[PDB]
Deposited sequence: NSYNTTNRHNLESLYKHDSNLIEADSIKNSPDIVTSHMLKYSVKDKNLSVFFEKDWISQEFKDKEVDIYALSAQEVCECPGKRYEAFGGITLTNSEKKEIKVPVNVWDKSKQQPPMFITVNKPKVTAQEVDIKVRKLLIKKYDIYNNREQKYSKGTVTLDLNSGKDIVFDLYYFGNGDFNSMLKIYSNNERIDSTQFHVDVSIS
């Protein structure tokens, strides 16, 4: 179940420690020989994998911003790439937490990219829930069910299960971001439900 101590401990470690996070700005890829589903960066060697073959052609040789979680293979990330942008103006994405039926005070996370990946949003939200609610705690294990829903104004929701452990490995838990899906920073808000 979602009470498996190791999976809760791994899922937490991945999202809790910044040592697992790769955040680089205005970086360009290495002119190496790669497949149709990847790109290589020098941030440590990074293999950024994408779901479809056309997603990489978009960033090839262009300066991009990276914000993705990684796992030692040296390292491999899934998506987390957006073309660089000068407009680094702060944006407060509204986060609405429902802690055990109870509505909580208005909370926010910040992004300074006009377009941010679904992954960057998820990561920042989980760091928030880990710190305030300690949703992956293995001592008391008060939480075991939860979701992170990005409610877009375009009539579409992007949901993340807070307790998806994949097959147990970091790459399995991160492959969910392979779509390198992006969204307009001021055109959505976040709804979190933890119980």
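Sequence ranges 44 to 45, 76 to 82 have no coordinates in this entry (deposited sequence, numbered from 1, C-alpha basis).
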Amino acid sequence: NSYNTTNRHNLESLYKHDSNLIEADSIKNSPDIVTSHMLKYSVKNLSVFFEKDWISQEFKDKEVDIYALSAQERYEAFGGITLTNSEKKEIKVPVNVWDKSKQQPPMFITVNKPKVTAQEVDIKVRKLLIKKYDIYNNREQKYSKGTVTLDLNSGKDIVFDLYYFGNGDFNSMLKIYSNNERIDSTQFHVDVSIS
From here on, numbers count along this sequence of modelled residues.
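Here the stretch with the larger average CA B-factor, out of 46 to 54 and 136 to 144, is 46 to 54. Averaged over CA atoms, B-factors in the entry run higher in 21 to 29 than in the other of 21 to 29 and 168 to 176. Ranking 113, 74, 124, 102 by Cα temperature factor from the entry places 74 first. Per the deposited coordinates, the residue with the largest Cα temperature factor out of 82, 96, 86, 119 is 86. Annotation for residue 161: C-alpha temperature factor in the lowest third relative to the rest of the modelled chain, per the entry. Residue 66: CA B factor in the middle third of modelled residues in this chain (values from the PDB entry). When the modelled residues of the chain are ordered by their C-alpha B factor, residue 150 lands in the lowest third.
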